[PDB]
Amino acid sequence: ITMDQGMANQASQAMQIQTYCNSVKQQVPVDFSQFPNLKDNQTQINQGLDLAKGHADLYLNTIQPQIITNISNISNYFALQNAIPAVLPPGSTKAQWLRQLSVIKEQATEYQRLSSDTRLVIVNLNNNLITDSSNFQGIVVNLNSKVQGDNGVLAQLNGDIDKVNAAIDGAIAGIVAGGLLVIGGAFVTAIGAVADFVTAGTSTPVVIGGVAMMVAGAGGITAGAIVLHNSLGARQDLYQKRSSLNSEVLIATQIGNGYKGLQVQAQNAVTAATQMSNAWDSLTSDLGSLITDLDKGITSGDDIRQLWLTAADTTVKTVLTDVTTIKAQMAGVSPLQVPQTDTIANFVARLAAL
């Protein structure tokens, strides 16, 4: 795997999980004070949610910065590489070459360590989310049995939501991935409720996993709304369609489906994180082989100079360009203002028809 794809994929996935985590943290705790036979159930829900907000926080506060630092190291690396054929003028001895390559390999290996450590901490996050996400599911089914509801209809909703959530995830990835590397590009995010929470009275909106992301320029917002609105509506349809499910249970299940959504974002992050480490490992081995071959009679400093100048003009200029535009996108990302009583699907529906 090339350094430009590993970087493009992790940047892309990070901006999506970032948004998702923001939606986790925005979720309000449930309110069942009306039915005192559910206090134990409320408590359970809200303790589970705080675990979900804990995982979200850990991602934004510990993992995201390392991802940002990684992107900056890719630039560090290639700028150091381009600089060597300038620091070592045409005479330069084999010794000089061995010292320079050995030094930049050291620096690169250190970047490999940051990236592999990151992969390891995302893996561990995911594993803890799988457990924490599976336990929440049981807190929902416990509540459902306590209101003598059908566990079978509940199950068919969870299954139906999981399939749609994957469609959403898919389209969002498509939007971000397709605009990520456009030189002037930016992104806007939208966080809203997965279901209507005002037509009937009791208002507990569920924004966890209720998300949308679009290109900020031109008619990017509209263009974005169009590919997103189908999948988003489909989900809202499933929570609004007539069902035997208690309302209190419908809330906890909405939350629970968002919780699941968080863990799938983590699993997507494992994938991207793995790809970026492998890109670093492939790079440190190539450097490793370059040193080894200079050390034998196979290559020379003059040959490496040649190889890194044609690289500096062709494949490196590309990478360094993308690194600039990627750091811009991630730092530039901006949130759309969503009306407090709106839904994410309705919001996007209306933006899609402008």
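Calculation criteria
- Residues numbered from 1 in each chain as written, not as in the entry; some residues may be left out.
- Heavy atoms only, no water.
- Residues with missing side-chain atoms left out of burial classes, pairs and counts.
- Helix = DSSP H or I, 4+ residues; strand = E, 2+ residues; numbered from the N terminus.
- Buried < 20%, exposed > 50% of the residue type's maximum accessible area, 1.4 Å probe, protein only.
- Expected span 1.5 Å × (residues − 1).
- Arc of directions from axis to C-beta.
- Contact = heavy atoms within 4.5 Å.
- Pairing = 2+ DSSP bridges.
- Axes fitted to C-alpha atoms, helices over the stretch in contact; angles between N-to-C directions.
- Core = buried A, V, L, I, M, F, W, Y, C linked by side-chain atoms within 4.5 Å.
- Salt bridge = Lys/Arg side-chain N within 4 Å of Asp/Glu carboxyl O.

- What the entry reports as its method is X-ray crystallography, with 2.33 Å given for the resolution.

1. Thoughts on unusual backbone geometry
Among all residues save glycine, negative phi is the norm, and among peptide bonds the norm is trans.
Then step 1. Phi at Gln 148 is positive, roughly 45 degrees, even though this residue is not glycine.
Then step 2. Within the secondary structure, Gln 148 sits in the loop between α3 (94-146) and α4 (151-179).
Then step 3. For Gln 148, a relative accessible area of 78% puts it in the exposed group.
Then step 4. Residues other than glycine seldom take positive phi values, yet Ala 218 does so here, at roughly 45 degrees.
Then step 5. Inspection of the secondary structure puts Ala 218 in the loop between β2 (211-215) and α5 (220-240).

2. A few points about helix α7 (residues 301-313)
Then step 1. Between its terminal C-alpha atoms α7 stretches 19 Å, which fits the 18 Å expected from 13 residues at 1.5 Å a residue.
Then step 2. Buried within α7 we find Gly 301, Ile 304, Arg 305, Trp 308, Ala 311 and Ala 312. The buried side chains of α7 occupy one side of the element, clustering within an arc of 130 degrees when seen end-on.
Then step 3. Check the buried side of α7 and you find it contacts α2 (39-87), α3, α6 (247-295) and α8 (315-332).

3. Considerations on the sheet that holds strand β1 (residues 187-191)
Then step 1. Overall, mixed pairing links the three strands, which are arranged β2-β1-β3 in an open sheet. The two strands at the open ends of the sheet, each matched to only one other strand, are β2 and β3 (334-335).
Then step 2. Packing of α4 onto the sheet brings it into contact with β1 and β2, and relative to β2 it is tilted by some 25 degrees.

4. Considering the nonpolar core
Then step 1. Formed by 103 residues in total, the largest nonpolar core has its most connected members in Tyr 59, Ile 74 and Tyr 77.
Then step 2. Broken down by element, this core gets its largest block of residues, 19 residues, from α6.
Then step 3. Not counting chain neighbours up to four residues away, the residues in contact with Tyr 77 comprise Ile 104, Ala 108, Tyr 111, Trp 280, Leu 283 and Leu 287.

5. Examining the environment of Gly 179
Then step 1. Considering the arrangement of structural elements, one finds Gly 179 in helix α4.
Then step 2. Residues in contact with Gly 179, not counting those within four places in the same chain, are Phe 187 and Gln 329.

6. A closer look at the pattern of salt bridges
Then step 1. If you walk through the whole model with that rule in mind, you get four salt bridges.
Then step 2. For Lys 260, the salt bridge goes to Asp 162, with nearest N and O atoms at 2.5 Å. Of this pair, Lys 260 sits in helix α6 while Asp 162 is found in helix α4, placing the two residues 98 residues apart along the sequence.
Then step 3. Residue class for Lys 260 comes out buried when judged on its relative accessible area of 17%.
Then step 4. Overall, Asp 162 belongs to the partly exposed group, its relative accessible area being 35%.

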